[PDB]
């Protein structure tokens, strides 16, 4: 069901969180080789998450579930903000700009934190 597909998507999201918090430790420790690998892993987790979220939204639309569609439109919009910040973080790492990397890191944590009450609302609406 769309609800079990949302539980898979949620698990993928939490994996990226787990990996994101590990990457943050490695960055603070200056282990740049680890950071590079974690950033590649996060790219693959987000790209997967985003595809799943689109399939949930499209299914909610086909089912006529107007409340779930509303919430998923808002949630996917916030997802694209996090993805843009993530991409900027990756660029800062390539460029050797630790000041920007720290800044983006904190921004992505706040964007992710804000979007959590909505994430729980979607689970209940599907």
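Residue numbers count along the first chain shown, from 1. For the two forms, the rigid core is made up of the largest set of C-alpha atoms that agree within 1.5 Å on superposition.
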Quick note, superposing on core in 9 other deposited structures of this protein and taking C-alpha RMS, the more shifted stretch of 114-122 and 101-109 is 114-122
The stretch whose C-alpha atoms carry the larger average B-factor in the entry, 112-120 or 17-25, is 112-120
Scanning 74, 99, 67, 63 for peak Cα temperature factor in the entry gives 99
One of 78, 47, 37, 87 has the largest Cα B-factor in the entry, namely 47
Residue 12: CA temperature factor from the record, placed by chain third, in the highest
